[PDB]
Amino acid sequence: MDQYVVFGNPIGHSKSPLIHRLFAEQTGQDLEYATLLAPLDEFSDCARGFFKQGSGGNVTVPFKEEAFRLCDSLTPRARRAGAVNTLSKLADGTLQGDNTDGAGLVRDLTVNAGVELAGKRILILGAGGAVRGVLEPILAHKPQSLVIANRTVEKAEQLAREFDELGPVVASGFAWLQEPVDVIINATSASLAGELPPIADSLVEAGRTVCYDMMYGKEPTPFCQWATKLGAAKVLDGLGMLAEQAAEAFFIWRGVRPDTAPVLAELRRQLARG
């Protein structure tokens, strides 16, 4: 039977085994999915050990960059992302890395939440691997503009440089942002601890601007609270992205697309329990 894991640390409370087990039941796939705790400094060793017999695995933060360096081959979107969240063993025994995070984000935004991206003004906050992993699929939807803003503008400038040829992406310091936009995407890890950037209230036009946090928790994130208080038209966290990036990985592995809606329904029911 084919074996899959989620690599992580800590990984005890992972939702991924439930998610992929439900996918597998839905789509009649004969596989097992478990957690694999990797010591924070021994990820590559753990992955090599697993892939002696294993078929694939998801890779969680903080291991996505190391996974990018470990792979024998990379998909084009993983190459552009500089980060791998999905590992697959090929028939010749080599290890291939993909990145489904961007696909998951844009699918959740456009299909699940019905948010239009084409012709719109998009702002993304941050400039790490989280941003690099989603720029390409956002630009593929042909926005009017995609602004990257970050604490240190040089990191944003470097990202804009890498994706310049793919669309109207530009970097900006926060001091220049004031006009409302259509969509604000938060990609800053530090924001969970309250380090929000110095963004103006005016970026949110009440009843128009959509705010999407790539982060999620049981409770609304600081960014989500900020957006809600300003009357954003829709306020979302990263739960749908989690489900959709997983579904995309499942498809990469198995060649069938599972239905995420009843899986998200179960995840939300469990969150409601609290």
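Start at 1 and count along the sequence shown; that's the residue number.
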Mean C-alpha B-factor comparison - 210-218 and 42-50, higher one: 210-218
252-260 or 10-18, whichever carries the higher mean Cα B-factor: 10-18
Identity of residue with top Cα B-factor, from 182, 98, 165, 108: 165
Out of 240, 62, 231, 57, residue topping the C-alpha B-factor column of the entry: 231
Residue 1 - which third its CA temperature factor falls in, relative to the rest of the chain: highest
CA B-factor ranking of residue 75, expressed as a third of its chain: middle
For residue 104, the third of its chain into which the C-alpha B factor falls: lowest
Among modelled residues of the same chain, the CA temperature factor third for residue 235: middle
Within-chain third of residue 134 by Cα B-factor, per the entry: middle
